[PDB]
Every structure is written in C-alpha cells, then in structure tokens.
file start-v3.tsv (TSV, C-alpha atoms and all ligand atoms)
chain	number	residue	atom	x	y	z
A	1	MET	CA	111.31	103.63	109.69
A	2	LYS	CA	108.10	104.80	108.08
A	3	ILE	CA	105.79	102.92	105.74
A	4	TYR	CA	103.69	104.65	103.11
A	5	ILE	CA	100.74	102.72	101.75
A	6	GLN	CA	99.62	103.68	98.26
A	7	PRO	CA	96.13	102.31	97.52
A	8	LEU	CA	95.82	101.39	93.82
A	9	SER	CA	92.36	100.17	92.77
A	10	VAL	CA	91.80	98.38	96.06
A	11	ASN	CA	88.93	98.63	98.54
A	12	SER	CA	89.38	100.70	101.68
A	13	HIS	CA	88.81	97.81	104.09
A	14	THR	CA	91.97	96.09	102.80
A	15	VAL	CA	93.91	99.31	103.38
A	16	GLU	CA	92.61	99.74	106.93
A	17	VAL	CA	93.65	96.15	107.72
A	18	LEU	CA	97.26	96.99	106.88
A	19	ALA	CA	97.17	100.44	108.49
A	20	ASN	CA	96.07	98.84	111.77
A	21	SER	CA	98.45	95.86	111.88
A	22	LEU	CA	101.72	96.97	110.25
A	23	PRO	CA	102.63	99.65	112.86
A	24	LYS	CA	103.04	97.18	115.77
A	25	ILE	CA	104.62	94.46	113.64
A	26	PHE	CA	107.37	96.76	112.36
A	27	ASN	CA	107.51	99.46	115.07
A	28	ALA	CA	107.20	102.04	112.35
A	29	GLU	CA	104.79	104.83	111.65
A	30	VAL	CA	102.37	104.01	108.84
A	31	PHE	CA	100.79	106.56	106.52
A	32	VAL	CA	97.98	105.98	104.06
A	33	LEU	CA	98.24	107.99	100.83
A	34	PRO	CA	95.20	109.12	98.80
A	35	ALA	CA	93.74	106.27	96.78
A	36	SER	CA	94.32	106.24	93.05
A	37	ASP	CA	93.65	103.91	90.15
A	38	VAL	CA	96.28	101.43	89.06
A	39	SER	CA	97.67	102.77	85.79
A	40	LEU	CA	96.44	101.37	82.45
A	41	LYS	CA	100.03	101.76	81.25
A	42	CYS	CA	100.70	98.62	83.29
A	43	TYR	CA	97.71	96.70	81.94
A	44	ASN	CA	98.35	93.68	79.71
A	45	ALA	CA	95.12	93.23	77.75
A	46	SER	CA	96.11	89.82	76.40
A	47	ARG	CA	96.41	88.40	79.93
A	48	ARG	CA	93.86	90.64	81.64
A	49	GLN	CA	96.50	91.27	84.32
A	50	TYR	CA	98.69	94.18	85.35
A	51	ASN	CA	102.48	93.90	85.33
A	52	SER	CA	103.87	94.03	88.87
A	53	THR	CA	107.22	95.55	87.88
A	54	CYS	CA	105.53	98.36	85.92
A	55	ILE	CA	103.28	99.16	88.91
A	56	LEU	CA	106.28	99.09	91.24
A	57	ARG	CA	108.28	101.53	89.09
A	58	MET	CA	105.47	104.10	89.17
A	59	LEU	CA	105.49	104.33	92.98
A	60	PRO	CA	107.74	106.99	94.55
A	61	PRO	CA	111.09	105.39	95.49
A	62	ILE	CA	110.75	106.35	99.15
A	63	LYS	CA	111.62	103.73	101.80
A	64	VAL	CA	109.26	102.16	102.62
A	65	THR	CA	106.49	102.56	100.06
A	66	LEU	CA	103.99	99.70	99.59
A	67	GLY	CA	101.49	99.86	96.75
A	68	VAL	CA	98.42	97.71	97.39
A	69	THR	CA	96.12	96.72	94.53
A	70	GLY	CA	92.96	94.65	94.12
A	71	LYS	CA	93.86	93.81	90.52
A	72	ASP	CA	95.53	90.55	89.52
A	73	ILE	CA	99.22	91.00	88.70
A	74	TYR	CA	101.97	88.99	87.02
A	75	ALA	CA	105.70	89.20	86.45
A	76	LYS	CA	107.85	87.98	83.56
A	77	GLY	CA	107.71	84.18	83.39
A	78	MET	CA	104.92	83.92	85.97
A	79	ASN	CA	101.25	82.97	85.68
A	80	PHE	CA	100.73	85.40	88.54
A	81	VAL	CA	102.59	86.88	91.49
A	82	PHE	CA	101.26	87.90	94.90
A	83	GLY	CA	103.52	90.93	94.73
A	84	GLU	CA	107.05	92.20	94.15
A	85	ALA	CA	109.65	94.03	96.24
A	86	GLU	CA	112.99	95.74	95.74
A	87	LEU	CA	115.29	93.62	97.85
A	88	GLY	CA	117.06	96.07	100.14
A	89	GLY	CA	115.51	98.96	98.17
A	90	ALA	CA	112.55	101.26	98.79
A	91	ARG	CA	109.34	99.99	97.11
A	92	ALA	CA	107.08	96.97	97.03
A	93	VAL	CA	103.69	96.09	95.60
A	94	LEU	CA	101.10	93.64	96.94
A	95	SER	CA	98.02	92.34	95.12
A	96	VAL	CA	95.22	90.90	97.24
A	97	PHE	CA	93.48	89.46	94.17
A	98	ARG	CA	94.70	85.90	94.71
A	99	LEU	CA	94.00	86.21	98.42
A	100	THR	CA	90.26	86.94	98.37
A	101	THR	CA	87.94	84.71	100.38
A	102	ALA	CA	84.55	84.98	102.07
A	103	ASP	CA	86.17	84.07	105.39
A	104	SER	CA	86.92	87.62	106.50
A	105	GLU	CA	89.38	86.68	109.25
A	106	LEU	CA	91.30	84.39	106.90
A	107	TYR	CA	91.47	87.15	104.32
A	108	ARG	CA	92.81	89.54	106.94
A	109	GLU	CA	95.58	87.10	107.90
A	110	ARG	CA	96.58	86.55	104.26
A	111	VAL	CA	96.74	90.26	103.53
A	112	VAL	CA	98.89	90.97	106.59
A	113	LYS	CA	101.20	88.00	105.94
A	114	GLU	CA	101.96	88.96	102.35
A	115	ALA	CA	102.42	92.66	103.20
A	116	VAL	CA	104.81	91.70	105.99
A	117	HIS	CA	106.62	89.39	103.55
A	118	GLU	CA	107.07	92.11	100.90
A	119	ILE	CA	108.26	94.67	103.47
A	120	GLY	CA	110.68	92.09	104.86
A	121	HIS	CA	112.25	91.95	101.38
A	122	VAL	CA	112.46	95.74	101.25
A	123	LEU	CA	114.29	95.57	104.57
A	124	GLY	CA	116.85	93.18	103.04
A	125	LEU	CA	115.46	89.72	103.91
A	126	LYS	CA	115.64	86.96	101.33
A	127	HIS	CA	113.46	83.88	101.25
A	128	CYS	CA	113.64	81.68	104.32
A	129	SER	CA	113.11	77.93	104.64
A	130	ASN	CA	112.20	78.09	108.32
A	131	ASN	CA	108.68	78.36	109.68
A	132	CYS	CA	108.59	82.01	108.83
A	133	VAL	CA	106.60	84.71	107.08
A	134	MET	CA	109.60	85.02	104.68
A	135	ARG	CA	108.95	81.56	103.21
A	136	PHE	CA	108.14	81.61	99.50
A	137	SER	CA	104.50	80.66	98.82
A	138	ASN	CA	103.68	78.87	95.59
A	139	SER	CA	99.89	79.25	96.11
A	140	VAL	CA	97.48	80.77	98.70
A	141	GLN	CA	97.35	77.38	100.36
A	142	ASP	CA	101.04	77.89	101.17
A	143	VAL	CA	100.33	81.44	102.36
A	144	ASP	CA	97.77	79.94	104.76
A	145	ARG	CA	100.39	77.51	106.05
A	146	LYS	CA	103.25	79.95	106.84
A	147	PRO	CA	103.05	82.08	109.99
A	148	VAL	CA	102.72	85.86	110.14
A	149	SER	CA	105.84	85.98	112.35
A	150	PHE	CA	109.55	86.17	111.50
A	151	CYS	CA	111.65	83.23	112.71
A	152	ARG	CA	114.44	84.07	115.23
A	153	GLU	CA	117.03	84.33	112.44
A	154	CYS	CA	115.06	86.75	110.27
A	155	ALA	CA	113.98	88.82	113.29
A	156	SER	CA	117.64	89.21	114.34
A	157	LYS	CA	118.56	90.63	110.92
A	158	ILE	CA	116.04	93.51	110.99
B	201	ZN	ZN	109.24	86.75	98.48
B	202	ZN	ZN	112.97	83.40	108.62

call {"tool": "encode", "arguments": {"input": "start-v3.tsv", "output": "structure tokens", "more": "lines below"}}
Ligand SMILES: [Zn+2]
Ligand SMILES: [Zn+2]
result
Amino acid sequence: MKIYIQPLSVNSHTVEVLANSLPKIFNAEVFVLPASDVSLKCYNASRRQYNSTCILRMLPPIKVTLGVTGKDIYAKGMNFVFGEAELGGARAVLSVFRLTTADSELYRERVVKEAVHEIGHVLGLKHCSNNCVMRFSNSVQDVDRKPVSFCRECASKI
C-alpha cells in the first residue's frame, strides 16, 4: 500500500504532520505531492465553502490518494464535512478547517485522527460504533473524544 498526499491550499506544517505519522499507522509508504491551490471550480461563492465531492473528483484516482485542504468544505445536505472518501475506492479528501486550534498538540491529534478515518474508509471500513477512530464525529468535540486507534474488529478487517 502507498499513500499519496496532495496538498491543496493547506500549510506545510499540516502536511508534515501526516507525512510523519501515517507511515507507521498504516505500514505504507507515504509520498507528498507538490502543493497546489484548491480549484475555484469547486468553490461555492454563496456558502463561501468548497464542495468536497468536486475536490475529490479532481484528484487522480490512484489508491490511496488523500487530498488535504485548509479551506472549509461541505457536501450535499451538510452544513460542513470534515472530509469525504470513496468507500473501498481510491481517493479521499480531508479539510483541517474545522479542526484548527491554538493547542498545537491537540490540532496534531485531530488532523491525524481524521486522516486515519478517511483512509480507513478508502480501505473498505464503514462507520463503527466501538471506541474507534472509525466512529462518525458530528463535531470536533466528538473528534476529540474518539481514539486515533482502530478497535480490534476494524483492525482485523484491514
Ligand atoms: Zn466517516
Ligand atoms: Zn472499529
């Protein structure tokens, strides 16, 4: 397994956080692609947010590719989403916009958790109701409450 991180209008510190943590978590080689701007094609001026599905569909469909953006994103019927993944597919996107915080260590943990979550989906995992990174999070407060680790059931499936 290899993971390709596509920076899209996100600071380089956030990228380095994922580059350094993902490899051990997934026993995969991680590659950072040249940064680029998130495409204005995906911008929704009315909402001042980018559409997560539109961003996802512009990434190369190469398992596993994770786009990471600093911009706030939404999906159809959602105020906002933290991200979006192709379940059992190739691509996912993560926005760190809703995750920002002046507590640098907390921010690091949130970024890693939600990246791990999205990649879990790419690897075929659905939402989990155990104490598990694959738990759905309604808000960042919920992100803070779930662990960065897969429960024994989810770990056995990947
Ligand atoms: Zn999810
Ligand atoms: Zn689980």

call {"tool": "closest_residue", "arguments": {"input": "start-v3.tsv", "among": "A:146, A:133, A:158, A:37", "to": "ligand ZN 202 (chain B)", "atoms": "all atoms listed in the file"}}
result
A:133

call {"tool": "closest_residue", "arguments": {"input": "start-v3.tsv", "among": "A:141, A:130, A:156, A:49", "to": "ligand ZN 202 (chain B)", "atoms": "all atoms listed in the file"}}
result
A:130

call {"tool": "residues_near_ligand", "arguments": {"input": "start-v3.tsv", "ligand": "ligand ZN 202 (chain B)", "cutoff": "8 Å", "atoms": "all atoms listed in the file", "output": "PyMOL selection string"}}
result
chain A and resi 127-135+150-155

call {"tool": "residues_near_ligand", "arguments": {"input": "start-v3.tsv", "ligand": "ligand ZN 201 (chain B)", "cutoff": "10 Å", "atoms": "only C-alpha atoms and all ligand atoms", "output": "PyMOL selection string"}}
result
chain A and resi 81-85+87+114+117-122+125-128+133-137

call {"tool": "closest_residue", "arguments": {"input": "start-v3.tsv", "among": "A:13, A:25, A:39, A:2", "to": "residue 149 (chain A)", "atoms": "all atoms listed in the file"}}
result
A:25

call {"tool": "atom_distance", "arguments": {"input": "start-v3.tsv", "atom1": "CA of residue 157 (chain A)", "atom2": "CA of residue 86 (chain A)"}}
result
17.0 Å

call {"tool": "build_atoms", "arguments": {"input": "start-v3.tsv", "residues": "region 99-114 of chain A", "atoms": "N, CA, C and O atoms", "output": "CSV table (one decimal), in the frame of the given file"}}
result
chain,number,residue,atom,x,y,z
A,99,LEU,N,94.2,86.5,97.0
A,99,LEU,CA,94.0,86.2,98.4
A,99,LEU,C,92.5,86.3,98.8
A,99,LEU,O,92.2,85.9,100.0
A,100,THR,N,91.6,86.7,98.0
A,100,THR,CA,90.3,86.9,98.4
A,100,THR,C,89.6,85.6,98.9
A,100,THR,O,89.9,84.5,98.4
A,101,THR,N,88.7,85.8,99.8
A,101,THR,CA,87.9,84.7,100.4
A,101,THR,C,86.8,85.3,101.2
A,101,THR,O,86.9,86.4,101.8
A,102,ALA,N,85.7,84.5,101.3
A,102,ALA,CA,84.6,85.0,102.1
A,102,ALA,C,84.8,84.9,103.6
A,102,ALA,O,84.1,85.5,104.3
A,103,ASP,N,85.8,84.1,104.0
A,103,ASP,CA,86.2,84.1,105.4
A,103,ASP,C,87.0,85.3,105.7
A,103,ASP,O,88.2,85.4,105.3
A,104,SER,N,86.3,86.3,106.3
A,104,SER,CA,86.9,87.6,106.5
A,104,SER,C,88.2,87.6,107.4
A,104,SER,O,89.1,88.4,107.1
A,105,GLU,N,88.2,86.7,108.4
A,105,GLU,CA,89.4,86.7,109.2
A,105,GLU,C,90.6,86.1,108.5
A,105,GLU,O,91.7,86.5,108.7
A,106,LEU,N,90.3,85.1,107.7
A,106,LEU,CA,91.3,84.4,106.9
A,106,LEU,C,91.9,85.4,105.9
A,106,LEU,O,93.1,85.4,105.7
A,107,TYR,N,91.0,86.2,105.3
A,107,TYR,CA,91.5,87.2,104.3
A,107,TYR,C,92.4,88.2,105.0
A,107,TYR,O,93.4,88.6,104.4
A,108,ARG,N,92.0,88.6,106.2
A,108,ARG,CA,92.8,89.5,106.9
A,108,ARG,C,94.2,89.0,107.2
A,108,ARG,O,95.2,89.7,107.0
A,109,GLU,N,94.3,87.7,107.6
A,109,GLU,CA,95.6,87.1,107.9
A,109,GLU,C,96.5,87.0,106.7
A,109,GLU,O,97.7,87.2,106.7
A,110,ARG,N,95.8,86.7,105.5
A,110,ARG,CA,96.6,86.6,104.3
A,110,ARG,C,97.2,87.9,103.8
A,110,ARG,O,98.3,88.0,103.4
A,111,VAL,N,96.3,88.9,103.9
A,111,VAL,CA,96.7,90.3,103.5
A,111,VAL,C,97.9,90.7,104.4
A,111,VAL,O,98.9,91.2,103.8
A,112,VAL,N,97.8,90.6,105.7
A,112,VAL,CA,98.9,91.0,106.6
A,112,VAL,C,100.2,90.2,106.3
A,112,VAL,O,101.2,90.7,106.3
A,113,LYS,N,100.0,88.8,106.2
A,113,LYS,CA,101.2,88.0,105.9
A,113,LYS,C,102.0,88.4,104.7
A,113,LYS,O,103.2,88.5,104.8
A,114,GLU,N,101.3,88.7,103.6
A,114,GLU,CA,102.0,89.0,102.4
A,114,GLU,C,102.5,90.4,102.3
A,114,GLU,O,103.6,90.6,101.7
